[PDB]
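Student: Numbering (the entry's author numbering), first residue to last: 158 to 251, 255 to 292.
1) Do residue 288 and residue 163 come within 8 Å of each other at the CB atom, strictly closer than that value?
2) Could you give the distance in angstroms between the alpha-carbon of residue 229 and the alpha-carbon of residue 291?
3) On a Cα-Cα basis, can you pick out the residue from 193, 183 and 174 that is closest to residue 199?
4) Kindly indicate which three-state DSSP category residue 183 falls into: helix, strand or coil?
5) Please work out which residues of its chain come closer than 7 Å, Cβ to Cβ, to residue 235, disregarding the five sequence neighbours upstream and downstream, and give them in chain order.
6) Please state whether DSSP places residue 272 in a helix, a strand or coil.
7) Quick one: give me the first and last residue of the beta strand (DSSP E) that residue 206 is part of.
8) Considering only residues of the same chain and omitting the five flanking positions on each side of residue 274, which have a CB-CB separation below 7 Å?
9) Look up residue 190 in the DSSP assignment and say whether it is helix, strand or coil.
10) Out of 168, 172, 167 and 166, point me to the one whose CA is closest to residue 158's CA.
11) So the candidates are 180, 190 and 181; which of them puts its Cα closest to the Cα of residue 283?
12) Compare the beta carbon distance of residue 217 and residue 271 with 8 Å and say whether it is the shorter of the two.
13) Going along the chain, which residues of its own chain have a beta-carbon closer than 8 Å to the beta-carbon of residue 226, five neighbours each way excluded?
Shown next as structure tokens:
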């Protein structure tokens, strides 16, 4: 009936859980690190979710789960969803910079995928209160 339960070290927002990771990672590195924790690099689909992420975002930049896929020819989230909501920094995005990071402001920019960032965000679904 109510789905806000999250694992230790994760934080709940709405029906999801979020992990604010710290450590030096390239984009595909953060992707696999989230997968190792049974999550995914975060996907962002509303201003309310973004505002939550901004409150907890690292000041020096974080990888998020968005990258430009060559065959589809567009930015696609790690879970296969399309970009409906976006929070690009003004002028962004602008060949080579295929991966997407989130600044301390919450705003996004594209970047070389081998850039090393000190933070990254995973998400997963929250679990739910049981039957009595």
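Built from N, CA and C at the ideal position, the CB exists for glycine as well.
Tutor: From the atom records:
1) no
2) 43 Å
3) 174
4) coil
5) 188, 197, 198, 200 and 222
6) coil
7) No beta strand (DSSP E) contains residue 206, which is instead part of the alpha helix (DSSP H) from 204-213.
8) 183
9) helix
10) 172
11) 190
12) no
13) 232 and 233
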